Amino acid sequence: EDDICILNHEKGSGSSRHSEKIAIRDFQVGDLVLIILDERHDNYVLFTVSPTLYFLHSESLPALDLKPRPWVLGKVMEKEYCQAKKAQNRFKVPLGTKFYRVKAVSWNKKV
């Protein structure tokens, strides 16, 4: 263990400080989220661990200082359940796929 100095050590189940949190699945309006560029679907999307896609609404881009940056934090304000009606679509997803589109804004708070 000769390569590091240990400056402090903490154990326990909770603290008085609350880390900043993001949703990663089953997004709800009001959630704080991480918004990343999805090259394959040519769109910004929510970072997520689940296979349902949450696309960022194109009209939310100017409110997140984005342009049609790798990532930004935002706060979900609207959410739309959608189904692909034509086999070639703005979302590069097969015909009939069900997915979400979300509107988000920049947010300088940790909640």
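Heads up, when I say rigid core I mean the largest set of C-alphas that superpose within 1.5 Å between the two forms. So that there is no doubt, residue numbering starts at 1 and follows the sequence shown.
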Report summary line: RMS over structures and residues, CA atoms, rigid core fit in 8 other deposited structures of this protein: 94-102 vs 20-28, larger is 20-28
Requested in this report: Between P62 and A63, determine how many residues of the deposited chain lack coordinates; answer none if the chain runs continuously, otherwise 1 to 3, 4 to 9, or 10 or more.
Outcome: none
Requested in this report: Select between 29-37 and 79-87 the stretch whose C-alpha atoms have the higher average B-factor in the entry.
Outcome: 79-87
Requested in this report: Going by the average Cα B-factor in the PDB entry, point out whether 10-18 or 92-100 comes out higher.
Outcome: 92-100
Report summary line: From the entry's CA B-factor values, the highest among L56, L66, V49, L53 is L66
